[PDB]
């Protein structure tokens, strides 16, 4: 693990890093949140911000020191603080930001700064390529409503890695966490759709735990089955 300021970075693959930031909340202690950093040729791609602007700025600075490649774009997975809390740091650095169109619509109600561009999806859940230009190895998939209505997922081509965000919990989880904005009826199917969208991905990266196997997907879905 490499520390830059208040953040921790872990290399998962030759061109993929996991960034981790923490926010201590009154009565709960430190809550960790994970995102991805992906090197694609002569540029860097970012998945999700940190909890805050300051933490997100530390991500960009770390990228400059350890990788020294320009950050071309960033994708955020849904409109919550752990994923979109640091949008300002990205925009301040002049980095193009992308989110689900629904995420951008919900952002002001959620107290988040909207992304500069909106992703739209076909009926099979795959992103409209026109709305996701030059995304490189990033394969964006909308599994359907689960953790939230706008929550999206990202697969990394050329690797065994897929990112489920807050939709997927790890195999040791006892609950699905915050179900405040959740679609309890479609959660299970959405979790399974994510697994089916990236069938070869052996390393599942998620927001609030270390990378797990595919069992995390199935376990999440089966927990979600109990919500129906």
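Residue numbers count along the first chain shown, from 1.
The stretch with the higher mean CA B factor, choosing between 189-197 and 47-55, is 47-55. The entry lists C-alpha B-factors for 155, 108, 125, 145, and the highest of these is at 108. Ranked within its chain, residue 38 lands in the lowest third, by CA B factor from the PDB record. Among all modelled residues in its chain, residue 138 ranks in the middle third by Cα B-factor. Residue 9: CA B factor in the middle third of modelled residues in this chain (values from the PDB entry). Among the modelled residues of its chain, residue 213 has a C-alpha B-factor that falls in the highest third, as given in the PDB entry.
Sort the modelled residues of the chain by CA B factor and residue 29 lands in the highest third.
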